[PDB]
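J.: Can you keep this structure in mind? I'll have questions shortly.
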Amino acid sequence: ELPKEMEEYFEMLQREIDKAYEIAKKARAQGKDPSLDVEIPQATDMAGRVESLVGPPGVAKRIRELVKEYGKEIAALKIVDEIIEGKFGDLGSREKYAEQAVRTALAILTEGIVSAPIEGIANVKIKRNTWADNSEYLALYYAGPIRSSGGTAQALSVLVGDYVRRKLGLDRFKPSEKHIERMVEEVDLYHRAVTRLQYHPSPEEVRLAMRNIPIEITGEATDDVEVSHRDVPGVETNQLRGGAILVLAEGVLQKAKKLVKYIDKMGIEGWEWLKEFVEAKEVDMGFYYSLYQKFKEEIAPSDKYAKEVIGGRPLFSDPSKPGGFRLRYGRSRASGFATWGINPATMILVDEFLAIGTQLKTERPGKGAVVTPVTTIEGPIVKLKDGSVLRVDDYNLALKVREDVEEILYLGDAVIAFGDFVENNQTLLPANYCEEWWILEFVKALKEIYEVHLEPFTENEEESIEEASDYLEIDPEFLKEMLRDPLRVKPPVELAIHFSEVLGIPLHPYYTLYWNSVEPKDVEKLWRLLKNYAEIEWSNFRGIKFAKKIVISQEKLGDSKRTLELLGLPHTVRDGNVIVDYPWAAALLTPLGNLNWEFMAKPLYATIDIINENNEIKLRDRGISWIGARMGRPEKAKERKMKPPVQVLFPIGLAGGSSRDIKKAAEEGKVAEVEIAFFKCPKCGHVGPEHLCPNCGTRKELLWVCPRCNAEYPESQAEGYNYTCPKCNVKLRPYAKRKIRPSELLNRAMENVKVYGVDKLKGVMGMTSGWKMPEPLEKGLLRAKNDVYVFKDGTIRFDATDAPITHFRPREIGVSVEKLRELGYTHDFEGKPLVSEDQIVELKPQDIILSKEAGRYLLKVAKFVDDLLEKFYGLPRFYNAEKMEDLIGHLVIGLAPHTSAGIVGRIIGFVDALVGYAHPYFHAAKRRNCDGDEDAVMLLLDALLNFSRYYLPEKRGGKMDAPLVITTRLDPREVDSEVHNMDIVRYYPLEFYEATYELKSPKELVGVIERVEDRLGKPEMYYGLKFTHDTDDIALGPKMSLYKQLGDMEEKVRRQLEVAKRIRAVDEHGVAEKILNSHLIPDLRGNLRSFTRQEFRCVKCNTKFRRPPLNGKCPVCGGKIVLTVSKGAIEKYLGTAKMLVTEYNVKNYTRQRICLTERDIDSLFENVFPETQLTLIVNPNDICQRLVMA
DNA sequence: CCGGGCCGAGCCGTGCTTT
DNA sequence: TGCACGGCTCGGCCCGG
Ligand SMILES: [Mg+2]
Ligand SMILES: [Zn+2]
Ligand SMILES: [Zn+2]
Ligand SMILES: [Zn+2]
């Protein structure tokens, strides 16, 4: 099976997990906790997760064998059949069987990670068609959490319900027309008043869907809005069913393609209507002129990403505008899942709005990505204040020259993986000329002419190197260097021209200017001026002449200076002369044949076409495909704290005040009345909210109370009574409203842990669970002492943005080679022994690289855990850390905010960025996509000691974010489906570049380029992956977004508009400000309409009155009444809006809207705030009065 | 010396909508 | 995508009559 390294890796991981689990089990046995054992079982594959989460017991082996035999979908269907026939045990009525089968099937088809089977499916019930035939059918009730599951999960739930209804021998749902009207109205109102829904079903589609769904999709109410078609038969509510309508909109409708694919694979009949719906939904010119025409015909610009711009979030490029982001096909070391590659220079030169991990909304491949530094690609070309043009391909140069920038001519490159085009099914765009194409042409031409076999990006035999160098008359060392790293070693321009002359290949892409960005008439005028009024110095190299310098005066150059800037030619202006220096004089004069032939404009021809037709040295289009993007959602790395911060899960009520301070209530002697669980000692008879009796140190028993007669029974007594009151007749409850004196409890806790010096200790107003079991106060004291905070289930968590990585360097993460060899790494990614810190090593699937904020916080968490173990439990310390670098080799838990299972990872290094780097398999095993998502990490021992299932809220969305099970091993076969499209090749073949020019589809050449899916099953899914582009440093560049250092809204808008003004391909003046105004106008108009219909509230109480009390004071107390929508909330964005209107070009519609909004704001308060104040000076150059008087 | 003026934390509420 | 903005109270310190 697996080789002798992956097995050792997984064995060591299991050994460490066992080492932690032993201590966690030993500590929990002493009885100071809700349970006497750990409450997080460990799974290993999908069957274990499904068995632990939904059951029924014993299903694991059956799932295993069925998956081995048939597959995934077929195995799910056979499991459903076996459950229905009753192999795993008798359950009860048909409803129980239906619920169990649907839950297990939805868990199997999902791989048992996301909590849709546990949370979304609230209930399954059988209903009768009393309106038509009195026949039976099946219905599904969807709760609130189903909106977080995803379209695939929702659609698969619908399909599983259909299959179970078919196999139960039940009839079809037959809706009345009023049902259709009610559902259409529900969808429309939900979109209008709640959310955008990210999908708009047309009413015809909704009617068709209702007419052709064999099950009833309903549920409880999730929004406080009534409907019109009330009292519909079979419906027990008259409010919005958000879960059901969201399922219907974003499931079967938004993801019909995947649903019909699943139906075809699954062999399910009766869904032909969906298949039909899906199939209905589905002269002498120049080469480059025709290519541009076909590009514009087939692939069309998209504006969806730029339909809205928030104040403070800049737009970096208009849709498919030349001068924006240059598209490059490839995958870097730390990109590929859904992220982009960006040079740090263009991160700096946009006022540092972009930072490592900052999300942005893209146009072509998908929608959204995360930026990552790649120093191997090109940067911006900028125009300075004195008129010079520079190529800022370097980070330090960008820092140096930042203040002199006048305009950004070109914005730089963006590396996008080929697997991102396959996943989103996007037509391939023609590829800009690059070094990774030139090197392939070079080696192919060398082989064709001289019959020498060489290969880029690797090491070749010495005989071939010597033969090629003898033929080409070059240094063999330089040939080896260039073939090894074509992206960093470039020949001098004269050598490039000599290569083009001899071998017959286009010019090196580094020395090609953007010729096709100008018209041939501009080049005609420029050629005339160069021939007439220029002084050029020539040179020689192997009989090849080339220019060395051009000096032409500014007046003689005239208005053709703009042409030199559009070609991206670096020059300088001195004492009236424009000077073009050595490397960039031949880059301009060689294509034009050194003025030997006359450039002449032609119709239906492009500049490169004319150059190729007339010249001997040939060229390729260097910029033809451009991309647009827009900023959104800056990067994040911060701890998790509840809406009011909490340090212990202990209810205090109103005694503690506004901050729920337990210590303040204790020090004032207050007595609080709250609902808690009381425990009673069997031997002596102590009573109170504690798990151990202080008198004797023995475990107590929970007390059960009668809701009607308040009779208390111990757990042993209530066990026989079947948890029902014999004297009364009501089901018991474990909690009742009781009285507590905080002083005694706090003093006992302080004496217990010897922690007396704590200032504040926050609790909760009321426990949300059904048991209302409280937490020990000693844990709260230690958390307060060590400055950490608690979560809803008792764990301490840290939230960060996720980014991918496959290969690392021992110096980027600050780890010595000896430590790495101790961890288990012994070779670099090419087979050589690991001896240096500059070699590239490959990352094992479950190794993570934390940030430094995360390390700083986890140091406090580890200190708290050590204090807990030493003081509360009386056991030796575990971590023993004094610096963040002492946590290396310790295990964490990763958890997405919508799943119920975790995955174990290992710490190996730290970076100085606000992102969480990890393997692509690690992020996919949490059902995450890596284009803006944020997840959590917690120490394994902390979760083991602290997590409990008795602190979980009792509503439906209470089991989300909880590690009910953890996975110990990684299986790439059952992680996700988007990560199966990634690339594992060192370089793209020549066929890919040649096929991009034909505008093919990525499905045609899916076999040419190796992907992850091509390796599934075989042992080398963990073994060898590769990348295309290298990086000097993985965390180089700005680290914090500038958006987080601006306070006012006006300042944000001004900075964003300056940024938009600098960039050439944005066109701020009329679209940026207008689309921005369509973000402040909703705020203004929507706050004036809520001032005239608002509810009032009391300062002391929380009582809300829908109309003001007519005595002016709170009827139930003595406090005063305050508004909920103040007067200053309406007109907070009025000044910025007026500035935007008066400064920039907006259509008269928006200007009139703003003027009338101001007039309406000043007219509603006409007789409550009269203008009794005169003034000295008036007319501050306003715009409203000017518009009125004009 | 004893009484105010003032800051700095905290905790609440709110973000287009034809008849 | 949700966060970003306004307003009310309540002590802890100066600083002055
Ligand atoms: Mg995502
Ligand atoms: Zn006792
Ligand atoms: Zn009773
Ligand atoms: Zn009141």
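Each chain in the structure tokens gets a letter, A, B, ..., in the order shown, and its residues are numbered from 1; ligands are numbered from 1 in order too.
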Pick out the residues no farther than 9 Å from ligand 1, counting only C-alpha atoms (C1' of nucleotides) and all ligand atoms, and list them as a count of residues only.

T.: 11

J.: Write down, as a list in words, each residue of chain A that has any atom within 10 Å of an atom of chain C, counting only C-alpha atoms (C1' of nucleotides).

T.: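 So the residues of chain A near chain C are residues 632, 633, 1049, 1099, 1100, 1122, 1123, 1124, 1125, 1126, 1127, 1128, 1129, 1130 and 1132 of chain A.
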
J.: For chain B against chain A, which residues fall within 9 Å using only C-alpha atoms (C1' of nucleotides), given as a PyMOL selection string?

T.: chain B and resi 10-17

J.: Would you list the residues that come within 10 Å of ligand 3? Count only C-alpha atoms (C1' of nucleotides) and all ligand atoms and give the answer as an MDAnalysis selection string.

T.: chainID A and resid 705:711 724:732

J.: Enumerate the residues of segment 227-307 of chain A with a DSSP assignment of helix (DSSP H, G or I), computed from the backbone, and present them as a PyMOL selection string.

T.: chain A and resi 242-253+256-266+272-281+287-298+304-306

J.: Quick one: residues within 6 Å of ligand 2, with only C-alpha atoms (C1' of nucleotides) and all ligand atoms, as an mmCIF file with N, CA and C atoms, in the first residue's frame?

T.:
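Result file is pocket.cif:
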```cif
data_model
loop_
_atom_site.group_PDB
_atom_site.id
_atom_site.type_symbol
_atom_site.label_atom_id
_atom_site.label_comp_id
_atom_site.auth_asym_id
_atom_site.auth_seq_id
_atom_site.Cartn_x
_atom_site.Cartn_y
_atom_site.Cartn_z
ATOM 1 N N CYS A 681 -25.510 15.562 47.480
ATOM 2 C CA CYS A 681 -24.607 14.509 47.929
ATOM 3 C C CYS A 681 -25.398 13.356 48.531
ATOM 4 N N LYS A 683 -24.518 10.990 50.601
ATOM 5 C CA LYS A 683 -24.175 10.564 51.954
ATOM 6 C C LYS A 683 -24.660 11.552 53.012
ATOM 7 N N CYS A 684 -24.143 12.780 52.987
ATOM 8 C CA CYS A 684 -24.469 13.738 54.040
ATOM 9 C C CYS A 684 -25.678 14.599 53.688
ATOM 10 N N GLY A 685 -25.707 15.170 52.487
ATOM 11 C CA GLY A 685 -26.876 15.914 52.057
ATOM 12 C C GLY A 685 -26.638 17.359 51.663
ATOM 13 N N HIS A 686 -25.423 17.690 51.239
ATOM 14 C CA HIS A 686 -25.159 19.027 50.726
ATOM 15 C C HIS A 686 -25.920 19.248 49.424
ATOM 16 N N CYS A 693 -18.826 17.227 46.530
ATOM 17 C CA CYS A 693 -19.213 17.719 47.846
ATOM 18 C C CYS A 693 -17.979 18.183 48.611
ATOM 19 N N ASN A 695 -17.599 18.736 51.747
ATOM 20 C CA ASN A 695 -17.466 18.091 53.051
ATOM 21 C C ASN A 695 -16.707 16.773 52.955
ATOM 22 N N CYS A 696 -17.006 15.964 51.937
ATOM 23 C CA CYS A 696 -16.440 14.627 51.837
ATOM 24 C C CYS A 696 -15.747 14.328 50.515
#
```

J.: In segment 576-691 of chain A, what's strand (DSSP E) per DSSP? Answer as an NGL selection string?

T.: :A and (577-580 or 626-627 or 629-631 or 637-639 or 672-676 or 679-680 or 687-688)

J.: Let's have the selection written as an mmCIF file, in the first residue's frame, with C-alpha atoms.

T.:
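The resulting file, again-v9.cif, is shown below:
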```cif
data_model
loop_
_atom_site.group_PDB
_atom_site.id
_atom_site.type_symbol
_atom_site.label_atom_id
_atom_site.label_comp_id
_atom_site.auth_asym_id
_atom_site.auth_seq_id
_atom_site.Cartn_x
_atom_site.Cartn_y
_atom_site.Cartn_z
ATOM 1 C CA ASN A 577 15.624 65.497 -24.203
ATOM 2 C CA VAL A 578 13.967 62.078 -23.916
ATOM 3 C CA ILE A 579 16.665 59.410 -23.618
ATOM 4 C CA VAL A 580 16.237 55.671 -24.235
ATOM 5 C CA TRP A 626 -6.692 41.026 -19.248
ATOM 6 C CA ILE A 627 -8.749 40.475 -16.099
ATOM 7 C CA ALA A 629 -11.001 42.615 -9.978
ATOM 8 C CA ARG A 630 -12.345 44.612 -7.038
ATOM 9 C CA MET A 631 -11.479 44.637 -3.346
ATOM 10 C CA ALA A 637 -6.530 36.789 12.252
ATOM 11 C CA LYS A 638 -8.245 37.324 15.605
ATOM 12 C CA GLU A 639 -9.625 35.420 18.575
ATOM 13 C CA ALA A 672 -29.474 36.499 42.475
ATOM 14 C CA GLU A 673 -32.383 34.372 41.261
ATOM 15 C CA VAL A 674 -31.667 32.272 38.156
ATOM 16 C CA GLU A 675 -32.366 28.801 36.758
ATOM 17 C CA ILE A 676 -29.555 26.282 37.270
ATOM 18 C CA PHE A 679 -26.703 18.456 42.697
ATOM 19 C CA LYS A 680 -27.108 16.610 45.995
ATOM 20 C CA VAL A 687 -27.078 20.867 48.004
ATOM 21 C CA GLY A 688 -25.885 23.385 45.435
#
```

J.: Grab me every residue within 8 Å of ligand 4, counting only C-alpha atoms (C1' of nucleotides) and all ligand atoms, and send it over as a ChimeraX atom specification.

T.: /A:1097-1103,1113-1121

J.: Hey, can you spit out that residue selection with N, CA, C and O atoms as an mmCIF file, in the first residue's frame?

T.:
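Dumped everything to selection-v6.cif:
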```
data_model
loop_
_atom_site.group_PDB
_atom_site.id
_atom_site.type_symbol
_atom_site.label_atom_id
_atom_site.label_comp_id
_atom_site.auth_asym_id
_atom_site.auth_seq_id
_atom_site.Cartn_x
_atom_site.Cartn_y
_atom_site.Cartn_z
ATOM 1 N N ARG A 1097 -37.848 52.635 23.424
ATOM 2 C CA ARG A 1097 -37.333 51.701 24.415
ATOM 3 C C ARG A 1097 -36.856 52.458 25.648
ATOM 4 O O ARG A 1097 -36.535 53.647 25.587
ATOM 5 N N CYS A 1098 -36.817 51.744 26.772
ATOM 6 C CA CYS A 1098 -36.382 52.290 28.050
ATOM 7 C C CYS A 1098 -34.898 52.030 28.273
ATOM 8 O O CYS A 1098 -34.355 51.010 27.842
ATOM 9 N N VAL A 1099 -34.239 52.971 28.953
ATOM 10 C CA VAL A 1099 -32.801 52.855 29.185
ATOM 11 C C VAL A 1099 -32.503 51.782 30.229
ATOM 12 O O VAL A 1099 -31.594 50.962 30.053
ATOM 13 N N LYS A 1100 -33.255 51.769 31.331
ATOM 14 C CA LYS A 1100 -33.014 50.790 32.385
ATOM 15 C C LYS A 1100 -33.565 49.425 31.995
ATOM 16 O O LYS A 1100 -32.832 48.431 31.966
ATOM 17 N N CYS A 1101 -34.858 49.363 31.693
ATOM 18 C CA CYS A 1101 -35.458 48.146 31.179
ATOM 19 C C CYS A 1101 -34.950 47.871 29.763
ATOM 20 O O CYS A 1101 -34.168 48.633 29.189
ATOM 21 N N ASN A 1102 -35.398 46.753 29.201
ATOM 22 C CA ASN A 1102 -35.281 46.511 27.771
ATOM 23 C C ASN A 1102 -36.637 46.507 27.084
ATOM 24 O O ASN A 1102 -36.741 46.065 25.936
ATOM 25 N N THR A 1103 -37.674 46.988 27.764
ATOM 26 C CA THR A 1103 -39.014 46.998 27.196
ATOM 27 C C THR A 1103 -39.069 47.917 25.984
ATOM 28 O O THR A 1103 -38.524 49.022 25.997
ATOM 29 N N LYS A 1113 -42.525 58.829 30.410
ATOM 30 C CA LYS A 1113 -41.655 57.969 31.198
ATOM 31 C C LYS A 1113 -42.097 56.521 31.050
ATOM 32 O O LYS A 1113 -43.213 56.232 30.612
ATOM 33 N N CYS A 1114 -41.204 55.612 31.422
ATOM 34 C CA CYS A 1114 -41.493 54.186 31.346
ATOM 35 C C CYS A 1114 -42.604 53.828 32.326
ATOM 36 O O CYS A 1114 -42.478 54.121 33.523
ATOM 37 N N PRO A 1115 -43.704 53.225 31.871
ATOM 38 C CA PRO A 1115 -44.799 52.905 32.802
ATOM 39 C C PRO A 1115 -44.417 51.922 33.896
ATOM 40 O O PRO A 1115 -44.963 52.004 35.004
ATOM 41 N N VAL A 1116 -43.494 50.990 33.629
ATOM 42 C CA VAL A 1116 -43.171 49.945 34.598
ATOM 43 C C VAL A 1116 -41.993 50.307 35.492
ATOM 44 O O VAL A 1116 -41.633 49.514 36.372
ATOM 45 N N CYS A 1117 -41.379 51.468 35.295
ATOM 46 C CA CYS A 1117 -40.247 51.893 36.111
ATOM 47 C C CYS A 1117 -40.258 53.417 36.174
ATOM 48 O O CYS A 1117 -41.282 54.054 35.906
ATOM 49 N N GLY A 1118 -39.126 54.005 36.558
ATOM 50 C CA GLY A 1118 -38.974 55.445 36.566
ATOM 51 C C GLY A 1118 -38.024 56.004 35.532
ATOM 52 O O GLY A 1118 -37.790 57.221 35.524
ATOM 53 N N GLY A 1119 -37.468 55.174 34.654
ATOM 54 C CA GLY A 1119 -36.509 55.648 33.680
ATOM 55 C C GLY A 1119 -37.158 56.436 32.559
ATOM 56 O O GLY A 1119 -38.379 56.536 32.439
ATOM 57 N N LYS A 1120 -36.307 57.015 31.720
ATOM 58 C CA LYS A 1120 -36.751 57.804 30.583
ATOM 59 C C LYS A 1120 -36.635 57.000 29.294
ATOM 60 O O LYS A 1120 -35.917 56.002 29.215
ATOM 61 N N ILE A 1121 -37.356 57.456 28.282
ATOM 62 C CA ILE A 1121 -37.469 56.765 27.002
ATOM 63 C C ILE A 1121 -36.456 57.339 26.023
ATOM 64 O O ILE A 1121 -36.182 58.542 26.008
#
```

J.: Do a neighbour search on residue 466 of chain A at 12 Å with only C-alpha atoms (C1' of nucleotides), toss out local chain neighbours closer than 2 positions, and write the hits as a VMD selection string.

T.: chain A and resid 452 to 454 460 to 464 468 to 480

J.: Next, dump the selected residues to file, keeping only C-alpha atoms, as a PDB file, in the first residue's frame.

T.:
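As written to disk, selection-v9.pdb reads:
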```pdb
ATOM      1  CA  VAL A 452      20.219  17.722 -29.325  1.00  0.00           C
ATOM      2  CA  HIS A 453      17.918  16.529 -26.537  1.00  0.00           C
ATOM      3  CA  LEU A 454      17.480  18.934 -23.611  1.00  0.00           C
ATOM      4  CA  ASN A 460      20.687  17.576 -18.363  1.00  0.00           C
ATOM      5  CA  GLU A 461      23.662  15.435 -19.312  1.00  0.00           C
ATOM      6  CA  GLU A 462      27.030  17.133 -19.736  1.00  0.00           C
ATOM      7  CA  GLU A 463      27.610  15.870 -23.286  1.00  0.00           C
ATOM      8  CA  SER A 464      24.400  17.493 -24.542  1.00  0.00           C
ATOM      9  CA  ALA A 468      24.730  22.708 -27.599  1.00  0.00           C
ATOM     10  CA  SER A 469      27.211  25.291 -26.307  1.00  0.00           C
ATOM     11  CA  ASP A 470      29.673  24.431 -29.078  1.00  0.00           C
ATOM     12  CA  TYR A 471      26.919  24.831 -31.675  1.00  0.00           C
ATOM     13  CA  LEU A 472      25.593  28.109 -30.237  1.00  0.00           C
ATOM     14  CA  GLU A 473      29.003  29.529 -29.186  1.00  0.00           C
ATOM     15  CA  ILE A 474      28.003  30.276 -25.582  1.00  0.00           C
ATOM     16  CA  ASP A 475      29.225  29.433 -22.091  1.00  0.00           C
ATOM     17  CA  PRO A 476      27.922  26.009 -20.951  1.00  0.00           C
ATOM     18  CA  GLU A 477      27.490  27.354 -17.414  1.00  0.00           C
ATOM     19  CA  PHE A 478      25.119  30.031 -18.715  1.00  0.00           C
ATOM     20  CA  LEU A 479      23.201  27.443 -20.741  1.00  0.00           C
ATOM     21  CA  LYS A 480      22.766  25.267 -17.648  1.00  0.00           C
TER      22      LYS A 480
END
```

J.: What's around residue 520 of chain A at 7 Å? Count only C-alpha atoms (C1' of nucleotides), leave out sequence neighbours fewer than 4 positions away in its own chain, and write the answer as a PyMOL selection string.

T.: chain A and resi 524+601+606-607

J.: Please dump the current selection as a PDB file, in the first residue's frame; keep C-alpha atoms.

T.:
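Just written: out_20.pdb:
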```
ATOM      1  CA  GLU A 524       3.874  55.429 -38.504  1.00  0.00           C
ATOM      2  CA  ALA A 601      -0.350  51.559 -41.863  1.00  0.00           C
ATOM      3  CA  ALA A 606      -2.507  44.982 -36.523  1.00  0.00           C
ATOM      4  CA  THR A 607       0.926  46.276 -35.557  1.00  0.00           C
TER       5      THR A 607
END
```

J.: Using only C-alpha atoms (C1' of nucleotides), which protein or nucleic acid residues come within 8 Å of residue 965 of chain A? Drop anything in the same chain fewer than 3 positions from it, and give the result as a PyMOL selection string.

T.: chain A and resi 40-43+49+52-53+900-902

J.: Produce a file of the selected residues containing N, CA and C atoms, as an mmCIF file, in the first residue's frame.

T.:
```
data_model
loop_
_atom_site.group_PDB
_atom_site.id
_atom_site.type_symbol
_atom_site.label_atom_id
_atom_site.label_comp_id
_atom_site.auth_asym_id
_atom_site.auth_seq_id
_atom_site.Cartn_x
_atom_site.Cartn_y
_atom_site.Cartn_z
ATOM 1 N N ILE A 40 -15.271 13.447 22.935
ATOM 2 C CA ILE A 40 -14.961 13.589 21.512
ATOM 3 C C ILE A 40 -14.344 12.295 20.995
ATOM 4 N N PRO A 41 -15.128 11.391 20.415
ATOM 5 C CA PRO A 41 -14.549 10.184 19.818
ATOM 6 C C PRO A 41 -13.777 10.511 18.551
ATOM 7 N N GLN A 42 -12.826 9.642 18.222
ATOM 8 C CA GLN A 42 -12.000 9.808 17.035
ATOM 9 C C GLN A 42 -12.428 8.817 15.963
ATOM 10 N N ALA A 43 -12.636 9.319 14.750
ATOM 11 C CA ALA A 43 -12.977 8.502 13.600
ATOM 12 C C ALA A 43 -11.755 8.339 12.700
ATOM 13 N N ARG A 49 -17.427 8.267 10.828
ATOM 14 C CA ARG A 49 -18.086 9.546 11.070
ATOM 15 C C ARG A 49 -19.600 9.405 10.994
ATOM 16 N N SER A 52 -20.933 7.517 14.019
ATOM 17 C CA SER A 52 -20.900 8.311 15.243
ATOM 18 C C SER A 52 -21.928 9.434 15.228
ATOM 19 N N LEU A 53 -22.216 10.009 14.060
ATOM 20 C CA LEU A 53 -23.070 11.191 13.999
ATOM 21 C C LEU A 53 -24.556 10.839 13.959
ATOM 22 N N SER A 900 -19.650 19.576 11.740
ATOM 23 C CA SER A 900 -19.688 18.989 13.074
ATOM 24 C C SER A 900 -18.531 18.033 13.330
ATOM 25 N N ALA A 901 -17.565 17.951 12.422
ATOM 26 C CA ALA A 901 -16.392 17.110 12.589
ATOM 27 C C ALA A 901 -15.132 17.946 12.413
ATOM 28 N N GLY A 902 -14.073 17.571 13.136
ATOM 29 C CA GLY A 902 -12.803 18.256 13.065
ATOM 30 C C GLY A 902 -11.716 17.377 12.462
#
```

J.: State, in Å with one decimal place, the distance from atom CA of residue 309 of chain A to atom CA of residue 1068 of chain A.

T.: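 Answer for the atom CA of residue 309 of chain A to atom CA of residue 1068 of chain A separation: 11.4 Å.
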
J.: For residue 247 of chain A, list every protein, DNA or RNA residue within 10 Å, evaluated using only C-alpha atoms (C1' of nucleotides), and leave out those in the same chain fewer than 4 positions away; present the list as a PyMOL selection string.

T.: chain A and resi 142+146-147+149-151+153-155+157-158+217-218+242-243+251-254
